[PDB]
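Just below is one structure, and these are the notes that go with it.
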Amino acid sequence: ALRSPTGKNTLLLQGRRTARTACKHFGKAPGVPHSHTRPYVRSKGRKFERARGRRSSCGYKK
Amino acid sequence: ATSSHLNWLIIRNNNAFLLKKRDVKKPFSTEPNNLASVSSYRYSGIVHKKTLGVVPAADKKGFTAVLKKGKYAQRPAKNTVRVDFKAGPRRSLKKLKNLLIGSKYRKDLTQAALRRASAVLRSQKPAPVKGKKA
Amino acid sequence: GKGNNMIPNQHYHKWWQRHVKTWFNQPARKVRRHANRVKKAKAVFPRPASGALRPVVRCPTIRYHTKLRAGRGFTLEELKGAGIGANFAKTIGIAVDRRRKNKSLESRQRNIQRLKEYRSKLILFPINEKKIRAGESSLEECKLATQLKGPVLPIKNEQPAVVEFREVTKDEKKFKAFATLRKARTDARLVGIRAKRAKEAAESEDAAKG
Amino acid sequence: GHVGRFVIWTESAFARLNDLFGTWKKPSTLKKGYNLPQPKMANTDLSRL
Amino acid sequence: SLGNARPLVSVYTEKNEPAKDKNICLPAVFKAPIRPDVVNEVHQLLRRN
Amino acid sequence: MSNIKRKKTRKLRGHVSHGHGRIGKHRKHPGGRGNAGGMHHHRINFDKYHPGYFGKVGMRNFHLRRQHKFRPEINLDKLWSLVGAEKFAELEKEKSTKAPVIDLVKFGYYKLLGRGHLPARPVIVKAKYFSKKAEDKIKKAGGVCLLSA
RNA sequence: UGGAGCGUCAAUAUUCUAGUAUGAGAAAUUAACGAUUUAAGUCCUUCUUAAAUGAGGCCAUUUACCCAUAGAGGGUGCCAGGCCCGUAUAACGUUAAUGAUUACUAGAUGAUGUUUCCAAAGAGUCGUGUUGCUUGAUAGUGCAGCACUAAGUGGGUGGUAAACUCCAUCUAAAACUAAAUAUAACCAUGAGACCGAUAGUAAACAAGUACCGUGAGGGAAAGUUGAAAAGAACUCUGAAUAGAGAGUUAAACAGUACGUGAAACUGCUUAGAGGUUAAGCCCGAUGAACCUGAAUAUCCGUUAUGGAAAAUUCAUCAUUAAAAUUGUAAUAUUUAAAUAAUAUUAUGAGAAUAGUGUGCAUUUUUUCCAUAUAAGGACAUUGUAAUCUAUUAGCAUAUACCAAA
RNA sequence: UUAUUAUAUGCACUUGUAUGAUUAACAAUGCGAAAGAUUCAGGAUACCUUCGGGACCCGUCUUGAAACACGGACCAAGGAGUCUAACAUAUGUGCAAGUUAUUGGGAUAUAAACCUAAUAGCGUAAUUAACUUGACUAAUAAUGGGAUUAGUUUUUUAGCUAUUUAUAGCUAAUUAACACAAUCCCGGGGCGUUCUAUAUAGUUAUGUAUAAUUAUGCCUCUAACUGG
RNA sequence: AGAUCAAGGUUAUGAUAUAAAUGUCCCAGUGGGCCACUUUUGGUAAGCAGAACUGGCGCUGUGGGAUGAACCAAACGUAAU
RNA sequence: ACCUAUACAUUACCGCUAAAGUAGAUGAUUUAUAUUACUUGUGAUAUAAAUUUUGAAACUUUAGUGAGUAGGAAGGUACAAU
RNA sequence: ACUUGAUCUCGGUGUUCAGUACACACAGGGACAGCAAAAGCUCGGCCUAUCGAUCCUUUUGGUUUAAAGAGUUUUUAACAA
């Protein structure tokens, strides 16, 4: 504040706001292929939100 | 840091002399260097060296003992005490405040300062008045 | 449950506010132990506070080719190759334990130096006080020499970070070391069929004679 | 939960804080890696500002 | 942000001895932030223990 | 444990319903106590918001040990906080006293992947595995890898 | 987690070990516990006027009466370190507990490498089938009843069954051990973000008692006169407990619901009133009745002018004593230098107080007294008079427009 | 020619026009009277007294309650949104490719705090059912390019105020850069399923050629790698 | 069809903007309704049922047809005119 | 010709929404006067006098505007112990 | 007359609506073809009906990995229609 209150030769850098990984829970209606949006997992592996709806043979592909 | 506004937001509400009384929006404190009791950011306990106090008398009723600011020669953390030096005007009724207005050359506090004096000598006048009525 | 939020996986069915211990005696469970250990270490000697020798190295699986757990084994078959003397070392205090059959020669060696790391600073207090056969020293008595009773008993403290700022520097850098991990690892998928390639090769020419 | 009691130090005590929180140029000593923390406003005057 | 910035504090004996020759510096913690959001709070939510 | 003037229901008394309705109000469970019936009548708020459920993706991995898939993964782009940070400054003089030696098993990192895009320096590096997109780019960069013991 | 013996390899031995007398140590010490000390005002005056701990004070030593290694508490006629036990370091004392030696009793020479001779090992159980509870355990976890019925380089075990090749690691059906772990019990012990007699254990007390059910068992209600019992003598009246006097106490407006005494009911006296919306209110007044809020140095002035008093860093006042402040100059702490910043060092100006001084009260200074222009009020409620934005009612000076003549 | 209007009023002064939500001169009525205490307005404080209009008597389910719908005799004390469990989001506070003691000991006064080591949670780097494999052609790239762009830089233009006519300010334009953030498309890449390019030569090494695991040559039977 | 130069008026209907522009909590509720005009089925029909398009009632007092949730005026800060 | 509404209009006022202004006071500011630079006349100097404070979470100022159960957030007060 | 497009394959799109899932139609891209001389037409009935999600049982499947020490061989286990 002592130097350049005018802002002559001054740069202004603001970071990203889809940056945080907790901010991809939006906005789901899975029928579209614009679904793309990270469901709330329990934890990775198998038998975790991966049989009925996602893949082919267990009812339907999303 | 020994900084004037750092004397203020930390003593904005957490003061231990500042008793507000449920009603008057947020005023009152009894700090010894208050002199006008709200908080300007200057009417208060030590602002770092624009301090002012007008304390009567202590010897009734002549003197008006007044401190001043203990400036740049002193840090002013405790000193071989130098923060106060207690000049006392006396021997006048309506002349000596001009000596008091001449006493000072950091001129923002001034109008309030003698505004104590124009009633505090009135607070310690009234013995040759108010009397007999026989 | 109303919305896109979190399959609720919580196991409080068994009317699980029944039998719950409250952990409200954490710190008095520190000032019993720390009060009794300094009663369990005032008792013995200027002998240290644990204090056997605890030699063992090298934690089991691919999670650890690095660390080394603090010594419950002590390998009876190491001992005769290192100047002991089993039951004499037991009342010394070794934690001598008669059941571990340590398999590696340098792990045999690893406690061997660790044995000889001790047994020399071990000050040999006399039994008959003629002190003709003890036989390291008796003039290094602990009032004269040590009387230390220090706790920690170090386990070499797991040194390397490092980084090794070392020139090598190669000449045979035309040698693709990655393909070893692809040839030989596919070779493990063939060792059954290669020995079965070996039975169709080494037994095919015997059908020619009849 | 209020600042400021009237505090009285001694000389052997007062020459340990430099150990206990190092300086603006270094880390500290008696704690591993506890650096001296930061200000978010490094001149804090307003009248002389 | 100056390293010492107030580097004169004297040491006194019981008769308050208003000058002594050893004048140690100020250990650069009286420039640290004085912050009443983390002393309002982390006091009383650690008082509770 | 709350500062309860903030907590929603110390200004709600008195409204004369307190926050949960005045027609079909707060009856101890309407829902089905839990997750019923994800196939049955809570269908719509379980697909959407939670597909892939209910079923069997298949490999009955009998008693996984989570050690055989340990492989902690480091990337080639870091690589020089791995070495000393100022130690990179003396490698750009130029002095070709290096490739340096970069152990990974002593670090706590196992398989060198290849996000990377390293500098031009040669490096002698030791990993527990390889990655093909990295190791060719290392081999253009004058350094090569050798598998750790 | 295994053998013994022989030779061989080495060390070696009046020895040491453990037990129980033993006194370490001229009982020296660690404690365990009771134990035992009080450290220092009950100081001089007010209130109490029912009681002082609260109230006033108390040479210095930088303002302590006094102590503090004791200032946590509870008894005390109110809030107490010094009134009292206590609590503070500790001493006193008893019991163990640390055994130097002495005795008796009991045993012991190795480990050490080598190969000779013998290396013997748990029998209705393993395990398979199969039924039935049960498991994280799924062609099986163990535990069981039934049928089976084992081998000796074997038996299990290696989380997918089955042989078949091996490998690794352990050796079934025999048996014991202080610990670090659990504690609404029982026994002595302290502790705080707990309740304050419709709370807290079912009960603060003669709560698992009064009490009902025959039974199993169900279980409530009820704590708190004042500092002291000083509990109301005696007189009068009735046949009495009583009731009036007389008392007692600071209190009886504290007398066995014995502190505080509400709320609903209302008994009483005074005040009003009335055949009404059935009682109620709400809106604005309404007598009655007590109440509330009421005041200050000019029109055409915060003017002219004359009277006194005290005084004086102020005069046109001089010096001197300061301490500062501001603003320079220098030095010292700086992240190589400057700067910034404190600390001391001096200059600078002016102000600034304490003290003296033409006249120092000569025409000054500071407090009271005076007339003069509208004039002693300067304020509140009121009647005007006009102004202003809205706004009604009541007359209109001259136009201009077609046609209608 | 005839009408017309404003411009050609400085200098002081004036209780004086108008202007800062443009209200105010006058007059009357009265002493804040030692204590005492009259006067003028107001004042259902919560009654009572006197009249004018209003007016169903309170919860609650329901389209609807004054309900000829249920609950309410009156009152004092007690009573109903809490506990933890893990999550999500919003948000405060430190820190940062790091973060975390809070299972532990030790320092030392006590349930506090202090100090602390290996781990180990969680992120780092994804997955396919798994075995494998593993994230932009490069010593670099940022939803890789595009348009939407604040802001800064810059081209020159006039321009204004200061103007020294420099130096700047503020215009609008204009030149270029970067394009922040943020949506919208285009990419490329890890991974998988699909054909395909292999007609495959190639490729490297076992092999192979010789020297003696060891050296070099090469064919490449063998592997493996490479194609969109 | 794409990138990139060349020329280009004053941007191209009216009237406004009480401000426009979006991502989370899927945020508490609520998922039983009623009526008049026209338009209108079911029934002979009804203060019944059954609806499409509006306005209103529930949520709403209000001045007016004495009265009356909807009728017709108007949609409710405290005050004088 | 009159008649009445909590509607319409204007003056005050309340809260709410929106917009806008204010911090070198060891200054700013007039009022006079001594002077002066003098530029006719505008300015600087000096004297004398007086006005000049706030949780910038303040303060000034401006317009518009106000029904409400089911329900959500906004500051405000009781009764607690730490 | 002559032939099997009532085909393999990849993902989007139509009406059901929360712009979900099933289903059914529709336009492609790639293939393999079938008739017709060609251009073309054909991814089933001329279009509005002629129909189903996990768990398994079960085929068809690469000639496919998993059985967690190492083979070989059978079994199951998995992915895909």
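By convention in this document, the chains of the structure tokens carry letters A, B, ... by their order, each chain's residues are numbered from 1, and ligands are numbered from 1 in the order they are shown.
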Exercise for review: Dump as an MDAnalysis selection string the residues of chain G that approach chain F to within 12 Å, counting only C-alpha atoms (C1' of nucleotides).
Suggested key: chainID G and resid 136:138 159:160 193
Check your understanding: Near residue 12 (chain B), within 10 Å and counting only C-alpha atoms (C1' of nucleotides), which residues show up once chain neighbours fewer than 3 positions away are dropped, as a PyMOL selection string?
Key -> (chain B and resi 7-9+15+18+39+41) or (chain J and resi 55)
Exercise for review: Pick out the chain B residues within 10 Å of chain E. Count only C-alpha atoms. Give them as an MDAnalysis selection string.
Suggested key: chainID B and resid 1:2 6 9:10 14 75 77 79:80
**Study point:** Every residue of chain F that DSSP places in alpha helix (DSSP H), as a ChimeraX atom specification
**Key:** /F:132-140
With C-alpha atoms retained, export the selected residues as a PDB file, in the first residue's frame.
```pdb
ATOM      1  CA  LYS F 132       7.358 -47.352 -20.637  1.00  0.00           C
ATOM      2  CA  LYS F 133       6.335 -43.749 -21.303  1.00  0.00           C
ATOM      3  CA  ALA F 134       8.883 -42.558 -18.745  1.00  0.00           C
ATOM      4  CA  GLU F 135      11.880 -44.776 -19.439  1.00  0.00           C
ATOM      5  CA  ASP F 136      12.159 -43.894 -23.092  1.00  0.00           C
ATOM      6  CA  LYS F 137      12.116 -40.192 -22.216  1.00  0.00           C
ATOM      7  CA  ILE F 138      14.754 -40.801 -19.560  1.00  0.00           C
ATOM      8  CA  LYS F 139      16.834 -42.604 -22.175  1.00  0.00           C
ATOM      9  CA  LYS F 140      16.716 -39.576 -24.453  1.00  0.00           C
TER      10      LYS F 140
END
```
Check your understanding: Within 9 Å of chain C, which residues of chain A show up when using only C-alpha atoms, listed as JSON, numbers by chain?
Key -> {"A": [25, 28, 39, 40, 41, 42]}
With C-alpha atoms retained, write the just-selected residues as a PDB file, in the first residue's frame.
```pdb
ATOM      1  CA  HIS A  25     -20.767 -33.636  -7.070  1.00  0.00           C
ATOM      2  CA  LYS A  28     -26.587 -35.621 -11.538  1.00  0.00           C
ATOM      3  CA  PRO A  39     -21.262 -40.290  -6.747  1.00  0.00           C
ATOM      4  CA  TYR A  40     -20.757 -40.476  -3.032  1.00  0.00           C
ATOM      5  CA  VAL A  41     -18.733 -43.612  -2.651  1.00  0.00           C
ATOM      6  CA  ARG A  42     -18.367 -45.659   0.473  1.00  0.00           C
TER       7      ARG A  42
END
```
Which residues of chain A come within 12 Å of chain D, and what is each one's closest atom pair and distance in Å (one decimal), counting only C-alpha atoms, sorted by chain and residue number, as a Markdown table?
```
| residue | atom | partner | partner_atom | distance |
| --- | --- | --- | --- | --- |
| A:1 | CA | D:49 | CA | 8.9 |
| A:2 | CA | D:49 | CA | 7.9 |
| A:3 | CA | D:49 | CA | 11.6 |
```
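Of note, CA of residue 97 (chain F) and CA of residue 179 (chain C) are spaced 27.9 Å apart.
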Practice item. Give me the residues within 6 Å of residue 51 (chain A) as number ranges by chain, counting only C-alpha atoms (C1' of nucleotides) and dropping any in the same chain fewer than 6 places off. Key: A: 58; F: 52-53, 55-57
Practice item. Show which residues sit within 12 Å of residue 23 (chain H), as a ChimeraX atom specification. Count only C-alpha atoms (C1' of nucleotides), and ignore same-chain residues fewer than 3 positions away. Key: /G:386-388
Dump of N, CA and C atoms (P, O5', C5', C4', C3', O3' and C1' of nucleotides) for the selected residues, as a PDB file, in the first residue's frame:
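Written file, out11.pdb:
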```pdb
ATOM      1  P     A G 386     -52.849  38.368   7.274  1.00  0.00           P
ATOM      2  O5'   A G 386     -51.822  37.518   6.422  1.00  0.00           O
ATOM      3  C5'   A G 386     -51.073  38.139   5.399  1.00  0.00           C
ATOM      4  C4'   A G 386     -49.606  37.935   5.620  1.00  0.00           C
ATOM      5  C3'   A G 386     -49.022  36.665   5.028  1.00  0.00           C
ATOM      6  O3'   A G 386     -48.651  36.837   3.673  1.00  0.00           O
ATOM      7  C1'   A G 386     -48.350  36.876   7.283  1.00  0.00           C
ATOM      8  P     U G 387     -48.907  35.672   2.605  1.00  0.00           P
ATOM      9  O5'   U G 387     -47.626  34.740   2.743  1.00  0.00           O
ATOM     10  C5'   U G 387     -46.323  35.296   2.778  1.00  0.00           C
ATOM     11  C4'   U G 387     -45.295  34.239   3.057  1.00  0.00           C
ATOM     12  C3'   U G 387     -45.514  32.941   2.317  1.00  0.00           C
ATOM     13  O3'   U G 387     -44.993  32.980   1.012  1.00  0.00           O
ATOM     14  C1'   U G 387     -45.044  32.487   4.587  1.00  0.00           C
ATOM     15  P     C G 388     -45.726  32.153  -0.137  1.00  0.00           P
ATOM     16  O5'   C G 388     -45.441  30.632   0.248  1.00  0.00           O
ATOM     17  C5'   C G 388     -44.125  30.107   0.184  1.00  0.00           C
ATOM     18  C4'   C G 388     -43.990  28.779   0.883  1.00  0.00           C
ATOM     19  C3'   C G 388     -44.770  27.624   0.304  1.00  0.00           C
ATOM     20  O3'   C G 388     -44.235  27.130  -0.902  1.00  0.00           O
ATOM     21  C1'   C G 388     -44.856  27.549   2.658  1.00  0.00           C
TER      22        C G 388
END
```
Practice item. Name the residues in contact with residue 322 (chain G) at a cut-off of 12 Å, using only C-alpha atoms (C1' of nucleotides), excluding same-chain residues fewer than 5 positions from it; report them as a ChimeraX atom specification. Key: /B:87 /G:352-355
Point to revise | Long-range neighbours of region 79-82 of chain J as JSON, numbers by chain, 12 Å cut-off, only C-alpha atoms (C1' of nucleotides), 3 positions minimum in chain | key: {"E": [44, 47, 48], "G": [192, 193, 194, 195]}
Exercise for review: Show me which bits of chain C are within 7 Å of chain G, counting only C-alpha atoms (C1' of nucleotides), as a list in words.
Suggested key: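 Close enough to count are residues 85, 98, 99 and 128 of chain C.
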Preceding selection exported with N, CA, C and O atoms as a compact mmCIF listing (two decimals), in the first residue's frame:
```txt
# COMPACT_ATOMS: atom_id res chain seq x y z
N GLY C 85 27.08 -70.40 25.04
CA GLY C 85 27.24 -70.02 26.44
C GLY C 85 25.87 -69.59 26.91
O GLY C 85 25.72 -68.55 27.56
N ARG C 98 14.63 -69.81 22.98
CA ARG C 98 15.06 -71.03 22.33
C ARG C 98 14.28 -71.36 21.06
O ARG C 98 14.47 -72.45 20.51
N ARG C 99 13.41 -70.49 20.55
CA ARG C 99 12.62 -70.83 19.37
C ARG C 99 12.67 -69.66 18.39
O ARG C 99 11.81 -68.78 18.38
N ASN C 128 32.74 -64.86 43.24
CA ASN C 128 33.51 -65.30 44.40
C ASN C 128 34.37 -64.19 44.99
O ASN C 128 34.95 -64.38 46.06
```
Exercise for review: When you get a sec, could you note down which chain J residues fall within 12 Å of chain F, using only C-alpha atoms (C1' of nucleotides), as number ranges by chain?
Suggested key: J: 69-77
Review point. Can you list, as a list in words, every protein, DNA or RNA residue that comes within 7 Å of region 31-44 of chain D when you count only C-alpha atoms (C1' of nucleotides), leaving out same-chain residues fewer than 5 positions away?
Key: residues 3 of chain B; 21, 22, 23 and 24 of chain D; 32 and 33 of chain E
Residues of chain H that approach chain E to 10 Å or less, counting only C-alpha atoms (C1' of nucleotides): could you list each one with the shortest pair of atoms and its distance in Å to one decimal, rows by chain and increasing residue number, as CSV?
```
residue,atom,partner,partner_atom,distance
H:93,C1',E:38,CA,6.8
H:94,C1',E:38,CA,9.0
H:111,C1',E:49,CA,9.1
H:112,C1',E:49,CA,6.8
H:113,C1',E:49,CA,9.7
```
Practice item. Rounded to one decimal place, report the CA of residue 3 (chain E)-CA of residue 28 (chain E) distance in Å. Key: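 Result for CA of residue 3 (chain E) versus CA of residue 28 (chain E): 5.9 Å, one decimal.
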Point to revise | Atom-to-atom span, CA of residue 119 (chain C) and CA of residue 136 (chain C), Å | key: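 A separation of 8.9 Å between them.
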